[PDB]
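Read the single chain below, which is given as structure tokens and is the form deposited in one PDB entry.
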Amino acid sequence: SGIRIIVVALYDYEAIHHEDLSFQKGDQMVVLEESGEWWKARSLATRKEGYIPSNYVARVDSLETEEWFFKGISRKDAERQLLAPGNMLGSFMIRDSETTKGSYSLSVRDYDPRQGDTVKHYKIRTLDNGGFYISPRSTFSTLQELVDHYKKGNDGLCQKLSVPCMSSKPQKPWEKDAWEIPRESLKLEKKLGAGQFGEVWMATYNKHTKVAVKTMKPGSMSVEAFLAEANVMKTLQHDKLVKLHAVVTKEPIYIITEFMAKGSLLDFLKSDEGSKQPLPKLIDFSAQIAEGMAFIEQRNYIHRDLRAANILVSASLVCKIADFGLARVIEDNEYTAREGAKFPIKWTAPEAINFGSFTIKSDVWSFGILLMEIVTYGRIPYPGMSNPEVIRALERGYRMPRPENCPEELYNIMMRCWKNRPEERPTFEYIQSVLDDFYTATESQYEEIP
């Protein structure tokens, strides 16, 4: 029935927009409109009404109000966050279980001289008729008690729980209904990089938000077609895809996205900090991208220009796929015919080059080339070969050989991505599964207790 809905603020929030409602952590509010990213609410205190970020609130006393609970985070991301600098031995998080829907799992930071810093995962079994336990020995009535216990001596766990994984306050969502924005709302500051169809600049939106802005040269794309495609792009929200905030619809077209501190994966890998990334880390980067592509696969979209130059790296080293789908609206006569020095021939599937048959399978081929760029620290594909020679060689059966520092198992995946018949290439869902669990040899990744 029309029951009043109440929520509690998970963080403080300062109004920056006109109809914004400011609140401090803990305050409770009534939900008036549940319009996606922003909700219209009412303060039980000042009785004032305004719009609030939907990700800043949650049901009262819900599980998301606890410091030790991490909602909607996968096993792999739980590992990446716990391993991030700032955490310590015993750092943990209780999260929703991916393996056993409805149940929970505990992730704990560990360490041994052989593997170094690692993250161990334990299944928390939910007993019918109340109860929680990792060990049928130490049972508890609530997750909080489970934490308090293991927070006092490991009692079997690989480690003694210390403190919750470090997390930074979620960034404010983009202004409500600010999809098509006036060019003057942006202040372009410094040039971040160039491109064949546009440049990328660092900028500030309405003096309050730092963003990256890609500027497309006039005539580089159909304005009407771009807009239609951008309306699909913006809906592809995932941790492994760069967020697309807004666009300026008049030429020169502007595509506003979140800013990624470490640039493209390509530049990052060729840099100093990049050269120091161990093979296991490079594989994890590959798994992250595959994860992003599996999302694109699920949503029936296509990247069309997948390559290391189009993967961005955040300050915490998280990969974000960029430019997905943009290639479809480029006008350039040569580019449209998959010809010329502007077209990504070396990364493109034979059927896409020959008949313009772009599908999620042509992206799989591209991912294979991307895998090679990654394992070689950004080296150019088919070194020394020209586009005509590559096209000819591939038709002959040629495939780039396996580099010295590239494990055979990783190379085998590349080879499957480069099958001439698109239907014989694996899905990104499969590729992600193989890369997420590429290591820790044997395993059923779920430390059993004890």
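Note that the rigid core is defined as the largest set of C-alphas that superpose within 1.5 Å between two forms. The first residue of the shown sequence is 1; numbering continues from there.
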When the other PDB entries of this protein are compared, is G116 left blank in at least a third of them?
no
Would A194 be found without coordinates in at least a third of the other compared entries?
no
95 to 103 set against 362 to 370, stretch whose average Cα temperature factor tops the other in the entry
95 to 103
Comparing 80 to 88 with 307 to 315, which has the greater mean CA B-factor as deposited?
80 to 88
From the list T65, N412, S386, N420, select the residue with the highest C-alpha B factor recorded in the entry.
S386
Comparing C-alpha B-factors across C158, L227, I296, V211 in this entry, the winner is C158
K123 by Cα B-factor - lowest, middle or highest third of the modelled chain:
highest
Mind checking which third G263 falls in for C-alpha B-factor across the chain?
lowest
Compare the C-alpha B factor of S74 with those of the other modelled residues in its chain, then answer lowest, middle or highest third.
middle
Is the Cα B-factor recorded for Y111 in the lowest, middle or highest third of its chain?
highest
So where's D323 on the chain's Cα temperature factor ranking, which third?
lowest
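There is also a form deposited in another entry; it is not shown, and the following applies to it.
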If you line up the core, does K207 shift 2 angstroms or more at its C-alpha between this form and the one not shown?
no
Does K190 show a Cα shift reaching 2 Å between this form and the one not shown after rigid-core superposition?
no
Quick check: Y51 between this form and the one not shown - does its CA shift reach 2 Å or more after fitting the rigid core?
yes
Inter-Cα distance between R338 and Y254 in that other deposited form, nearer or further [3 Å or more]:
closer
